[PDB]
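S.K.: I am sharing my_file.txt, which consists of compact mmCIF, N, CA and C atoms and all ligand atoms:
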```txt
# COMPACT_ATOMS: atom_id res chain seq x y z
N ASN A 44 11.91 -3.60 14.13
CA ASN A 44 11.41 -2.93 12.89
C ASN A 44 12.53 -2.83 11.86
N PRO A 45 12.31 -3.31 10.61
CA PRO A 45 13.28 -3.10 9.54
C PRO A 45 13.29 -1.65 9.07
N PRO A 46 14.31 -1.21 8.31
CA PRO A 46 14.27 0.10 7.67
C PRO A 46 13.08 0.10 6.71
N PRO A 47 12.37 1.23 6.53
CA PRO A 47 11.23 1.27 5.62
C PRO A 47 11.70 1.02 4.19
N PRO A 48 10.83 0.51 3.29
CA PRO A 48 11.23 0.30 1.90
C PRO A 48 11.70 1.64 1.29
N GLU A 49 12.68 1.60 0.38
CA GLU A 49 13.16 2.83 -0.30
C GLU A 49 11.99 3.45 -1.06
N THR A 50 11.95 4.78 -1.10
CA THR A 50 10.83 5.55 -1.71
C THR A 50 11.32 6.52 -2.78
N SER A 51 12.64 6.63 -2.99
CA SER A 51 13.24 7.47 -4.06
C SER A 51 14.34 6.68 -4.77
N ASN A 52 14.44 6.85 -6.09
CA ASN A 52 15.47 6.19 -6.95
C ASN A 52 16.29 7.28 -7.61
N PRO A 53 17.58 7.46 -7.22
CA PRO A 53 18.40 8.54 -7.78
C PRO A 53 18.82 8.28 -9.23
N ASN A 54 18.76 7.03 -9.69
CA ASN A 54 19.23 6.60 -11.03
C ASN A 54 18.07 6.62 -12.04
N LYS A 55 16.86 7.04 -11.63
CA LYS A 55 15.65 6.96 -12.48
C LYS A 55 15.18 8.34 -12.93
N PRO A 56 15.03 8.56 -14.26
CA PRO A 56 14.51 9.82 -14.79
C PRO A 56 13.01 10.00 -14.50
N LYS A 57 12.57 11.26 -14.38
CA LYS A 57 11.17 11.62 -14.10
C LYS A 57 10.35 11.45 -15.38
N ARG A 58 9.29 10.65 -15.30
CA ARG A 58 8.42 10.32 -16.45
C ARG A 58 7.00 10.08 -15.92
N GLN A 59 6.05 10.90 -16.34
CA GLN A 59 4.61 10.71 -16.03
C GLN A 59 4.06 9.67 -17.02
N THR A 60 3.05 8.90 -16.60
CA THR A 60 2.22 8.08 -17.51
C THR A 60 0.76 8.25 -17.09
N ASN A 61 -0.18 8.02 -18.01
CA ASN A 61 -1.64 8.08 -17.72
C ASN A 61 -1.95 7.13 -16.55
N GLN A 62 -1.38 5.93 -16.57
CA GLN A 62 -1.67 4.90 -15.54
C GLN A 62 -1.10 5.35 -14.19
N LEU A 63 0.11 5.92 -14.15
CA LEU A 63 0.71 6.37 -12.86
C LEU A 63 -0.04 7.60 -12.35
N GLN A 64 -0.47 8.50 -13.23
CA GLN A 64 -1.34 9.64 -12.83
C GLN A 64 -2.62 9.10 -12.18
N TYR A 65 -3.22 8.09 -12.80
CA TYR A 65 -4.44 7.43 -12.29
C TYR A 65 -4.15 6.78 -10.93
N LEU A 66 -3.04 6.05 -10.82
CA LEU A 66 -2.69 5.34 -9.56
C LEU A 66 -2.52 6.34 -8.41
N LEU A 67 -1.96 7.53 -8.66
CA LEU A 67 -1.78 8.53 -7.57
C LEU A 67 -3.09 9.29 -7.32
N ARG A 68 -3.65 9.90 -8.36
CA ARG A 68 -4.74 10.90 -8.23
C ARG A 68 -6.09 10.22 -7.98
N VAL A 69 -6.28 8.99 -8.47
CA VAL A 69 -7.55 8.24 -8.28
C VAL A 69 -7.34 7.16 -7.21
N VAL A 70 -6.46 6.19 -7.44
CA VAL A 70 -6.41 4.95 -6.60
C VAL A 70 -5.88 5.31 -5.21
N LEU A 71 -4.66 5.84 -5.11
CA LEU A 71 -4.04 6.14 -3.80
C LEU A 71 -4.91 7.16 -3.05
N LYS A 72 -5.28 8.26 -3.72
CA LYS A 72 -6.07 9.37 -3.14
C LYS A 72 -7.38 8.83 -2.54
N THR A 73 -8.07 7.95 -3.26
CA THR A 73 -9.39 7.39 -2.84
C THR A 73 -9.21 6.47 -1.63
N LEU A 74 -8.21 5.58 -1.66
CA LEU A 74 -7.93 4.64 -0.54
C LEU A 74 -7.46 5.43 0.69
N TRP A 75 -6.59 6.43 0.48
CA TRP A 75 -5.96 7.20 1.59
C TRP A 75 -7.01 7.89 2.46
N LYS A 76 -8.08 8.41 1.86
CA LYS A 76 -9.13 9.20 2.56
C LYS A 76 -10.14 8.27 3.23
N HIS A 77 -10.12 6.96 2.93
CA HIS A 77 -11.10 5.97 3.46
C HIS A 77 -10.97 5.88 4.99
N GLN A 78 -12.09 5.69 5.68
CA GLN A 78 -12.14 5.61 7.17
C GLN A 78 -11.28 4.45 7.68
N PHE A 79 -11.01 3.43 6.85
CA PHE A 79 -10.24 2.22 7.25
C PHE A 79 -8.79 2.28 6.76
N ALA A 80 -8.35 3.41 6.20
CA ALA A 80 -7.00 3.56 5.61
C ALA A 80 -5.93 3.53 6.70
N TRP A 81 -6.22 4.06 7.89
CA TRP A 81 -5.18 4.49 8.87
C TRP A 81 -4.24 3.35 9.26
N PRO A 82 -4.66 2.07 9.44
CA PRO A 82 -3.69 1.02 9.79
C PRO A 82 -2.69 0.71 8.67
N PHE A 83 -2.97 1.19 7.46
CA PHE A 83 -2.17 0.92 6.24
C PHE A 83 -1.39 2.16 5.79
N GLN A 84 -1.45 3.27 6.52
CA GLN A 84 -0.85 4.56 6.08
C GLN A 84 0.63 4.64 6.46
N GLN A 85 1.17 3.62 7.14
CA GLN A 85 2.59 3.59 7.57
C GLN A 85 2.99 2.13 7.74
N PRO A 86 4.30 1.82 7.72
CA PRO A 86 4.76 0.47 8.03
C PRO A 86 4.22 0.02 9.40
N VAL A 87 3.91 -1.27 9.51
CA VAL A 87 3.55 -1.89 10.81
C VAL A 87 4.73 -1.68 11.76
N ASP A 88 4.50 -0.95 12.86
CA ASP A 88 5.49 -0.74 13.95
C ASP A 88 5.34 -1.91 14.92
N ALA A 89 6.06 -3.01 14.67
CA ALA A 89 5.99 -4.27 15.44
C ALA A 89 6.40 -4.01 16.90
N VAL A 90 7.25 -3.00 17.14
CA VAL A 90 7.75 -2.62 18.50
C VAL A 90 6.59 -1.99 19.29
N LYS A 91 6.00 -0.91 18.77
CA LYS A 91 4.87 -0.17 19.40
C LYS A 91 3.68 -1.11 19.64
N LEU A 92 3.43 -2.04 18.71
CA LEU A 92 2.25 -2.96 18.74
C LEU A 92 2.62 -4.28 19.42
N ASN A 93 3.89 -4.50 19.75
CA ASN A 93 4.40 -5.71 20.45
C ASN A 93 4.02 -6.95 19.63
N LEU A 94 4.47 -7.00 18.38
CA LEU A 94 4.24 -8.12 17.43
C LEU A 94 5.59 -8.73 17.05
N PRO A 95 6.22 -9.51 17.96
CA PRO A 95 7.59 -9.99 17.74
C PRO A 95 7.73 -10.95 16.55
N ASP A 96 6.62 -11.54 16.10
CA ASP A 96 6.60 -12.55 15.01
C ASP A 96 6.23 -11.90 13.66
N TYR A 97 5.85 -10.62 13.65
CA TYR A 97 5.31 -9.96 12.43
C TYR A 97 6.35 -10.01 11.31
N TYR A 98 7.56 -9.50 11.56
CA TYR A 98 8.62 -9.36 10.53
C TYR A 98 9.36 -10.69 10.36
N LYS A 99 9.02 -11.70 11.17
CA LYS A 99 9.44 -13.11 10.97
C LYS A 99 8.54 -13.75 9.91
N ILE A 100 7.24 -13.44 9.94
CA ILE A 100 6.20 -14.02 9.03
C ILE A 100 6.16 -13.21 7.72
N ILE A 101 6.32 -11.88 7.80
CA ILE A 101 6.21 -10.95 6.64
C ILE A 101 7.62 -10.56 6.16
N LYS A 102 8.06 -11.18 5.07
CA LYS A 102 9.42 -11.01 4.48
C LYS A 102 9.46 -9.72 3.65
N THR A 103 8.34 -9.32 3.05
CA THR A 103 8.23 -8.16 2.14
C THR A 103 7.19 -7.19 2.69
N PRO A 104 7.54 -6.38 3.71
CA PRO A 104 6.60 -5.42 4.28
C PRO A 104 6.19 -4.39 3.22
N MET A 105 4.93 -3.97 3.24
CA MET A 105 4.48 -2.89 2.34
C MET A 105 3.28 -2.19 2.97
N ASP A 106 3.12 -0.91 2.67
CA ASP A 106 2.07 -0.06 3.26
C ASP A 106 1.78 1.07 2.29
N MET A 107 0.65 1.74 2.47
CA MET A 107 0.21 2.83 1.56
C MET A 107 1.06 4.09 1.77
N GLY A 108 1.66 4.29 2.95
CA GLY A 108 2.57 5.42 3.15
C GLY A 108 3.76 5.32 2.21
N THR A 109 4.33 4.12 2.12
CA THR A 109 5.46 3.81 1.20
C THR A 109 4.99 4.00 -0.24
N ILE A 110 3.82 3.46 -0.59
CA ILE A 110 3.29 3.55 -1.97
C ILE A 110 3.06 5.03 -2.33
N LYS A 111 2.47 5.79 -1.41
CA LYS A 111 2.20 7.24 -1.61
C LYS A 111 3.51 7.96 -1.93
N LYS A 112 4.54 7.75 -1.11
CA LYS A 112 5.86 8.40 -1.29
C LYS A 112 6.45 7.96 -2.63
N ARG A 113 6.35 6.67 -2.96
CA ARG A 113 6.89 6.13 -4.24
C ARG A 113 6.19 6.82 -5.42
N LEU A 114 4.87 6.96 -5.38
CA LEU A 114 4.14 7.65 -6.47
C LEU A 114 4.56 9.13 -6.51
N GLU A 115 4.60 9.80 -5.36
CA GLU A 115 4.95 11.25 -5.30
C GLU A 115 6.37 11.46 -5.83
N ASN A 116 7.28 10.52 -5.57
CA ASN A 116 8.71 10.63 -5.98
C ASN A 116 8.93 10.01 -7.36
N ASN A 117 7.88 9.58 -8.05
CA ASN A 117 8.00 8.98 -9.41
C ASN A 117 8.97 7.80 -9.35
N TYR A 118 8.89 7.01 -8.28
CA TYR A 118 9.76 5.83 -8.02
C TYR A 118 9.45 4.71 -9.01
N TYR A 119 8.18 4.52 -9.37
CA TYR A 119 7.73 3.40 -10.23
C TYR A 119 8.01 3.72 -11.69
N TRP A 120 8.64 2.77 -12.39
CA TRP A 120 8.88 2.84 -13.85
C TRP A 120 7.57 2.63 -14.60
N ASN A 121 6.64 1.87 -14.02
CA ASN A 121 5.35 1.50 -14.66
C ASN A 121 4.29 1.23 -13.59
N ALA A 122 3.03 1.14 -14.01
CA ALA A 122 1.85 0.95 -13.14
C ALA A 122 1.92 -0.40 -12.41
N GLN A 123 2.45 -1.44 -13.05
CA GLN A 123 2.37 -2.83 -12.52
C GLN A 123 3.22 -2.97 -11.25
N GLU A 124 4.35 -2.26 -11.15
CA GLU A 124 5.19 -2.26 -9.92
C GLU A 124 4.35 -1.73 -8.75
N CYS A 125 3.57 -0.69 -9.00
CA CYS A 125 2.72 -0.03 -7.98
C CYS A 125 1.57 -0.97 -7.58
N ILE A 126 0.89 -1.55 -8.57
CA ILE A 126 -0.19 -2.54 -8.32
C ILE A 126 0.38 -3.71 -7.49
N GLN A 127 1.61 -4.15 -7.78
CA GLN A 127 2.26 -5.26 -7.04
C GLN A 127 2.40 -4.86 -5.56
N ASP A 128 2.79 -3.62 -5.28
CA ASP A 128 2.97 -3.14 -3.89
C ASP A 128 1.63 -3.17 -3.15
N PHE A 129 0.55 -2.68 -3.76
CA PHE A 129 -0.81 -2.77 -3.15
C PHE A 129 -1.14 -4.24 -2.85
N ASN A 130 -0.92 -5.12 -3.83
CA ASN A 130 -1.23 -6.57 -3.68
C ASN A 130 -0.44 -7.14 -2.50
N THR A 131 0.85 -6.83 -2.41
CA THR A 131 1.73 -7.31 -1.31
C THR A 131 1.17 -6.82 0.03
N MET A 132 0.79 -5.56 0.12
CA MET A 132 0.24 -4.97 1.36
C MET A 132 -0.98 -5.78 1.81
N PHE A 133 -1.91 -6.05 0.90
CA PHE A 133 -3.14 -6.80 1.24
C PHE A 133 -2.78 -8.24 1.63
N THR A 134 -1.92 -8.89 0.84
CA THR A 134 -1.51 -10.29 1.08
C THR A 134 -0.90 -10.41 2.48
N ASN A 135 0.01 -9.50 2.83
CA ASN A 135 0.66 -9.49 4.16
C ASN A 135 -0.43 -9.51 5.24
N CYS A 136 -1.43 -8.66 5.10
CA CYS A 136 -2.53 -8.53 6.09
C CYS A 136 -3.27 -9.87 6.20
N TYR A 137 -3.59 -10.50 5.07
CA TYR A 137 -4.41 -11.74 5.03
C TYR A 137 -3.62 -12.95 5.52
N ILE A 138 -2.29 -12.97 5.38
CA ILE A 138 -1.49 -14.16 5.79
C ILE A 138 -1.05 -14.02 7.26
N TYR A 139 -1.02 -12.82 7.85
CA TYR A 139 -0.58 -12.59 9.25
C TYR A 139 -1.76 -12.62 10.23
N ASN A 140 -2.88 -11.97 9.88
CA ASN A 140 -4.03 -11.74 10.79
C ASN A 140 -5.08 -12.83 10.60
N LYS A 141 -5.82 -13.17 11.67
CA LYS A 141 -6.89 -14.20 11.61
C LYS A 141 -8.02 -13.70 10.71
N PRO A 142 -8.57 -14.55 9.81
CA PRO A 142 -9.74 -14.19 9.02
C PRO A 142 -10.86 -13.62 9.90
N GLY A 143 -11.51 -12.55 9.46
CA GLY A 143 -12.64 -11.93 10.17
C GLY A 143 -12.21 -10.92 11.23
N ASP A 144 -10.91 -10.84 11.56
CA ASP A 144 -10.37 -9.81 12.48
C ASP A 144 -10.71 -8.43 11.91
N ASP A 145 -10.84 -7.42 12.77
CA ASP A 145 -11.15 -6.02 12.36
C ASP A 145 -10.20 -5.60 11.23
N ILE A 146 -8.90 -5.83 11.38
CA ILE A 146 -7.89 -5.37 10.38
C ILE A 146 -8.16 -6.07 9.04
N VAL A 147 -8.60 -7.32 9.06
CA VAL A 147 -8.87 -8.10 7.81
C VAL A 147 -10.13 -7.54 7.14
N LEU A 148 -11.17 -7.21 7.91
CA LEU A 148 -12.40 -6.58 7.36
C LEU A 148 -12.04 -5.23 6.75
N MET A 149 -11.13 -4.49 7.38
CA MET A 149 -10.66 -3.18 6.88
C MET A 149 -9.89 -3.38 5.57
N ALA A 150 -8.96 -4.34 5.53
CA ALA A 150 -8.21 -4.69 4.31
C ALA A 150 -9.20 -5.09 3.20
N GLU A 151 -10.20 -5.90 3.51
CA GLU A 151 -11.17 -6.40 2.50
C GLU A 151 -11.94 -5.21 1.89
N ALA A 152 -12.35 -4.24 2.71
CA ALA A 152 -13.07 -3.03 2.26
C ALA A 152 -12.15 -2.22 1.33
N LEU A 153 -10.90 -2.02 1.72
CA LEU A 153 -9.92 -1.23 0.91
C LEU A 153 -9.62 -1.98 -0.38
N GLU A 154 -9.43 -3.30 -0.31
CA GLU A 154 -9.08 -4.11 -1.50
C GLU A 154 -10.24 -4.09 -2.49
N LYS A 155 -11.48 -4.14 -2.00
CA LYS A 155 -12.69 -4.07 -2.86
C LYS A 155 -12.65 -2.75 -3.65
N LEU A 156 -12.37 -1.64 -2.97
CA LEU A 156 -12.27 -0.29 -3.56
C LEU A 156 -11.10 -0.26 -4.55
N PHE A 157 -9.95 -0.81 -4.16
CA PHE A 157 -8.72 -0.89 -5.00
C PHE A 157 -9.05 -1.59 -6.33
N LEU A 158 -9.64 -2.78 -6.26
CA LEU A 158 -9.95 -3.59 -7.48
C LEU A 158 -11.02 -2.87 -8.32
N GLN A 159 -11.99 -2.20 -7.69
CA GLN A 159 -12.99 -1.35 -8.39
C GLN A 159 -12.24 -0.33 -9.27
N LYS A 160 -11.21 0.32 -8.73
CA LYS A 160 -10.45 1.39 -9.44
C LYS A 160 -9.49 0.77 -10.47
N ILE A 161 -8.82 -0.34 -10.14
CA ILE A 161 -7.84 -1.01 -11.05
C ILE A 161 -8.57 -1.57 -12.28
N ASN A 162 -9.84 -1.95 -12.13
CA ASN A 162 -10.69 -2.46 -13.25
C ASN A 162 -10.90 -1.34 -14.28
N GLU A 163 -10.82 -0.07 -13.86
CA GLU A 163 -10.97 1.12 -14.74
C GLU A 163 -9.61 1.79 -14.96
N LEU A 164 -8.51 1.03 -14.85
CA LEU A 164 -7.13 1.52 -15.13
C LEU A 164 -7.05 1.95 -16.59
N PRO A 165 -6.60 3.19 -16.90
CA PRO A 165 -6.39 3.61 -18.29
C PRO A 165 -5.45 2.68 -19.07
N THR A 166 -5.54 2.70 -20.40
CA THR A 166 -4.71 1.87 -21.32
C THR A 166 -3.27 2.38 -21.30
N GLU A 167 -2.32 1.52 -21.70
CA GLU A 167 -0.85 1.71 -21.48
C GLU A 167 -0.38 3.03 -22.11
N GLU A 168 -0.86 3.37 -23.31
CA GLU A 168 -0.42 4.55 -24.11
C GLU A 168 1.09 4.47 -24.34
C1 LIG A 201 2.10 6.66 20.79
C2 LIG A 201 1.11 6.13 21.76
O1 LIG A 201 1.40 4.72 22.00
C3 LIG A 201 0.37 3.87 21.94
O2 LIG A 201 -0.66 4.02 22.54
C4 LIG A 201 0.69 2.72 21.02
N1 LIG A 201 -0.49 1.98 20.64
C5 LIG A 201 -1.37 2.47 19.76
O3 LIG A 201 -1.65 3.66 19.67
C6 LIG A 201 -2.02 1.44 18.85
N2 LIG A 201 -3.31 1.88 18.35
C7 LIG A 201 -3.28 2.57 17.06
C8 LIG A 201 -2.66 1.77 15.93
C9 LIG A 201 -1.99 2.42 14.89
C10 LIG A 201 -1.57 1.74 13.76
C11 LIG A 201 -1.82 0.37 13.66
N3 LIG A 201 -1.62 -0.51 12.59
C12 LIG A 201 -2.10 -1.66 13.01
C13 LIG A 201 -1.90 -2.90 12.22
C14 LIG A 201 -1.72 -4.20 12.78
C15 LIG A 201 -1.46 -5.30 12.04
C16 LIG A 201 -1.15 -6.63 12.65
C17 LIG A 201 -1.42 -5.18 10.60
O4 LIG A 201 -1.31 -6.15 9.85
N4 LIG A 201 -1.57 -3.89 10.08
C18 LIG A 201 -1.64 -3.75 8.63
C19 LIG A 201 -1.74 -2.79 10.87
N5 LIG A 201 -2.59 -1.61 14.30
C20 LIG A 201 -3.39 -2.60 15.03
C21 LIG A 201 -4.87 -2.30 14.97
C22 LIG A 201 -5.38 -2.32 13.53
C23 LIG A 201 -6.87 -2.11 13.50
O5 LIG A 201 -7.56 -3.10 14.28
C24 LIG A 201 -7.14 -3.02 15.65
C25 LIG A 201 -5.66 -3.29 15.79
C26 LIG A 201 -2.43 -0.29 14.72
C27 LIG A 201 -2.85 0.39 15.85
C28 LIG A 201 -4.40 1.70 19.12
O6 LIG A 201 -4.36 1.16 20.21
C29 LIG A 201 -5.73 2.20 18.60
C30 LIG A 201 -6.51 1.41 17.77
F1 LIG A 201 -6.05 0.22 17.35
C31 LIG A 201 -7.77 1.81 17.36
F2 LIG A 201 -8.47 0.99 16.56
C32 LIG A 201 -8.31 3.03 17.76
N6 LIG A 201 -9.61 3.38 17.27
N7 LIG A 201 -10.42 4.02 18.03
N8 LIG A 201 -11.30 4.57 18.52
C33 LIG A 201 -7.52 3.82 18.59
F3 LIG A 201 -8.00 5.00 19.04
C34 LIG A 201 -6.27 3.42 18.98
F4 LIG A 201 -5.55 4.26 19.75
```
Write the structure described by the file as structure tokens, please.
Ligand SMILES: CCOC(=O)CNC(=O)CN(Cc1ccc2nc(-c3cc(C)c(=O)n(C)c3)n(CC3CCOCC3)c2c1)C(=O)c1c(F)c(F)c(N=[N+]=N)c(F)c1F
M.R.:
Amino acid sequence: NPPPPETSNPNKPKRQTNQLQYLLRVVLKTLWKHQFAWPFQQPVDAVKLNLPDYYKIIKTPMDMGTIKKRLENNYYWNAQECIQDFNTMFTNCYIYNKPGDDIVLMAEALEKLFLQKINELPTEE
């Protein structure tokens, strides 16, 4: 298991935006409570799950636990960095797991909900 992605930036000032408020209070909150969220709420523990090839295939690990902490810690300078992390999390799932696997159906359900919410992302302001 690699160290988890950094979730706090000591060199970054605290700044709210409409889009980051939306990404935490609407997007993350809605995905987090979903019945299929749980496999995505923490980094893949390749040791506990005995997946010796996972971190060989996945160069950029990402999960909603990391995204949640990043939003709570105001880690993201803008909405697009956060959207990129969600996209990476889904991509990792689709490139590692066989199509139609339970985890892929769970990712597809969450991604459908994610894109539903991102389509209603507030304007930059
Ligand atoms: C401390 C105790 O020690 C242990 O027993 C260690 N092993 C366990 O606990 C393992 N678990 C729980 C668990 C936790 C997080 C996981 N995250 C993933 C996962 C994998 C992959 C490649 C991936 O790409 N991503 C993004 C996530 N998986 C794999 C599963 C993902 C969903 O479809 C089925 C494989 C996870 C597994 C399960 O076996 C367990 C379980 F899988 C259940 F579905 C379940 N539901 N019910 N009822 C349940 F009760 C389970 F306990």
S.K.: Restricting the calculation to only C-alpha atoms, which member of A:116, A:60, A:73, A:54 is positioned closest to residue 165 in chain A?
M.R.: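 Looking only at the distances to residue 165 in chain A, the closest residue turns out to be A:60.
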S.K.: Show me which residues sit within 10 Å of ligand LIG 201 (chain A) when counting only C-alpha atoms and all ligand atoms, and put them as a short mmCIF file (atom, residue, chain, number, x, y, z; two decimals) with N, CA and C atoms, in the frame of the given file.
M.R.:
```cif
data_model
loop_
_atom_site.label_atom_id
_atom_site.label_comp_id
_atom_site.auth_asym_id
_atom_site.auth_seq_id
_atom_site.Cartn_x
_atom_site.Cartn_y
_atom_site.Cartn_z
N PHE A 79 -11.01 3.43 6.85
CA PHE A 79 -10.24 2.22 7.25
C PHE A 79 -8.79 2.28 6.76
N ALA A 80 -8.35 3.41 6.20
CA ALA A 80 -7.00 3.56 5.61
C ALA A 80 -5.93 3.53 6.70
N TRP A 81 -6.22 4.06 7.89
CA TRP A 81 -5.18 4.49 8.87
C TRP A 81 -4.24 3.35 9.26
N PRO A 82 -4.66 2.07 9.44
CA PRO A 82 -3.69 1.02 9.79
C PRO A 82 -2.69 0.71 8.67
N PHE A 83 -2.97 1.19 7.46
CA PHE A 83 -2.17 0.92 6.24
C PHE A 83 -1.39 2.16 5.79
N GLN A 84 -1.45 3.27 6.52
CA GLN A 84 -0.85 4.56 6.08
C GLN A 84 0.63 4.64 6.46
N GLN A 85 1.17 3.62 7.14
CA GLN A 85 2.59 3.59 7.57
C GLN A 85 2.99 2.13 7.74
N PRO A 86 4.30 1.82 7.72
CA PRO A 86 4.76 0.47 8.03
C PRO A 86 4.22 0.02 9.40
N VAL A 87 3.91 -1.27 9.51
CA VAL A 87 3.55 -1.89 10.81
C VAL A 87 4.73 -1.68 11.76
N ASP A 88 4.50 -0.95 12.86
CA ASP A 88 5.49 -0.74 13.95
C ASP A 88 5.34 -1.91 14.92
N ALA A 89 6.06 -3.01 14.67
CA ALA A 89 5.99 -4.27 15.44
C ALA A 89 6.40 -4.01 16.90
N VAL A 90 7.25 -3.00 17.14
CA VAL A 90 7.75 -2.62 18.50
C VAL A 90 6.59 -1.99 19.29
N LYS A 91 6.00 -0.91 18.77
CA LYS A 91 4.87 -0.17 19.40
C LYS A 91 3.68 -1.11 19.64
N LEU A 92 3.43 -2.04 18.71
CA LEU A 92 2.25 -2.96 18.74
C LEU A 92 2.62 -4.28 19.42
N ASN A 93 3.89 -4.50 19.75
CA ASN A 93 4.40 -5.71 20.45
C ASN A 93 4.02 -6.95 19.63
N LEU A 94 4.47 -7.00 18.38
CA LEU A 94 4.24 -8.12 17.43
C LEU A 94 5.59 -8.73 17.05
N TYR A 97 5.85 -10.62 13.65
CA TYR A 97 5.31 -9.96 12.43
C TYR A 97 6.35 -10.01 11.31
N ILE A 101 6.32 -11.88 7.80
CA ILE A 101 6.21 -10.95 6.64
C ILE A 101 7.62 -10.56 6.16
N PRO A 104 7.54 -6.38 3.71
CA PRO A 104 6.60 -5.42 4.28
C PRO A 104 6.19 -4.39 3.22
N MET A 105 4.93 -3.97 3.24
CA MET A 105 4.48 -2.89 2.34
C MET A 105 3.28 -2.19 2.97
N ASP A 106 3.12 -0.91 2.67
CA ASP A 106 2.07 -0.06 3.26
C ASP A 106 1.78 1.07 2.29
N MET A 107 0.65 1.74 2.47
CA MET A 107 0.21 2.83 1.56
C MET A 107 1.06 4.09 1.77
N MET A 132 0.79 -5.56 0.12
CA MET A 132 0.24 -4.97 1.36
C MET A 132 -0.98 -5.78 1.81
N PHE A 133 -1.91 -6.05 0.90
CA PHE A 133 -3.14 -6.80 1.24
C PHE A 133 -2.78 -8.24 1.63
N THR A 134 -1.92 -8.89 0.84
CA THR A 134 -1.51 -10.29 1.08
C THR A 134 -0.90 -10.41 2.48
N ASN A 135 0.01 -9.50 2.83
CA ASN A 135 0.66 -9.49 4.16
C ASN A 135 -0.43 -9.51 5.24
N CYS A 136 -1.43 -8.66 5.10
CA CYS A 136 -2.53 -8.53 6.09
C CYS A 136 -3.27 -9.87 6.20
N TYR A 137 -3.59 -10.50 5.07
CA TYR A 137 -4.41 -11.74 5.03
C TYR A 137 -3.62 -12.95 5.52
N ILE A 138 -2.29 -12.97 5.38
CA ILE A 138 -1.49 -14.16 5.79
C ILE A 138 -1.05 -14.02 7.26
N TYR A 139 -1.02 -12.82 7.85
CA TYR A 139 -0.58 -12.59 9.25
C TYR A 139 -1.76 -12.62 10.23
N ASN A 140 -2.88 -11.97 9.88
CA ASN A 140 -4.03 -11.74 10.79
C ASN A 140 -5.08 -12.83 10.60
N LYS A 141 -5.82 -13.17 11.67
CA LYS A 141 -6.89 -14.20 11.61
C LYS A 141 -8.02 -13.70 10.71
N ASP A 144 -10.91 -10.84 11.56
CA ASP A 144 -10.37 -9.81 12.48
C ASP A 144 -10.71 -8.43 11.91
N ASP A 145 -10.84 -7.42 12.77
CA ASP A 145 -11.15 -6.02 12.36
C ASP A 145 -10.20 -5.60 11.23
N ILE A 146 -8.90 -5.83 11.38
CA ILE A 146 -7.89 -5.37 10.38
C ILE A 146 -8.16 -6.07 9.04
N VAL A 147 -8.60 -7.32 9.06
CA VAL A 147 -8.87 -8.10 7.81
C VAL A 147 -10.13 -7.54 7.14
N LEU A 148 -11.17 -7.21 7.91
CA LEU A 148 -12.40 -6.58 7.36
C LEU A 148 -12.04 -5.23 6.75
N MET A 149 -11.13 -4.49 7.38
CA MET A 149 -10.66 -3.18 6.88
C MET A 149 -9.89 -3.38 5.57
N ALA A 150 -8.96 -4.34 5.53
CA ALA A 150 -8.21 -4.69 4.31
C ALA A 150 -9.20 -5.09 3.20
#
```
S.K.: Could you work out how far CA of residue 59 in chain A lies from CA of residue 109 in chain A, giving the answer in Å with one decimal?
M.R.: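 Pair CA of residue 109 in chain A / CA of residue 59 in chain A returns 18.6 Å.
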S.K.: May I ask for the distance between atom N of residue 103 in chain A and CA of residue 167 in chain A, given in Å to one decimal place?
M.R.: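 Here the two named atoms are 28.4 Å from each other.
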S.K.: With only C-alpha atoms as the basis for distance, which of A:115, A:96, A:163, A:154 is at the shortest distance from residue 67 in chain A?
M.R.: A:115
S.K.: Have a look at A:118, A:53, A:74, A:130 and name the one nearest to residue 152 in chain A; count only C-alpha atoms.
M.R.: A:74
S.K.: Rank A:61, A:117, A:123, A:78 by their smallest atom-to-atom distance to residue 166 in chain A, using all atoms listed in the file, and report the top residue only.
M.R.: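 Checking each of A:61, A:117, A:123, A:78 against residue 166 in chain A, counting all atoms listed in the file, the winner is A:61.
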S.K.: Check the smallest atom-to-atom distance from each of A:100, A:125, A:63, A:70 to residue 162 in chain A using only C-alpha atoms, then report the winner.
M.R.: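 Of A:100, A:125, A:63, A:70, the one nearest residue 162 in chain A is A:70, counting only C-alpha atoms.
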S.K.: Using only C-alpha atoms, which of A:71, A:65, A:153, A:131 sits nearest residue 110 in chain A?
M.R.: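 Distance minimum relative to residue 110 in chain A lands on A:71.
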S.K.: Please identify all polymer residues within 9 Å of residue 161 in chain A, counting only C-alpha atoms, omitting same-chain residues fewer than 3 positions from it, and present them as a list in words.
M.R.: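 Using only C-alpha atoms, the neighbours found are residues 66, 70, 126, 156, 157, 158, 164 and 165 of chain A.
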S.K.: Record the distance separating atom C of residue 119 in chain A and atom N of residue 155 in chain A, expressed in Å with one decimal.
M.R.: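 If I compute the distance from atom C of residue 119 in chain A to atom N of residue 155 in chain A, I get 23.1 Å.
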S.K.: Step one, run DSSP on the backbone; step two, keep only residues of chain A assigned to helix (DSSP H, G or I); then write them as a count of residues only.
M.R.: 66
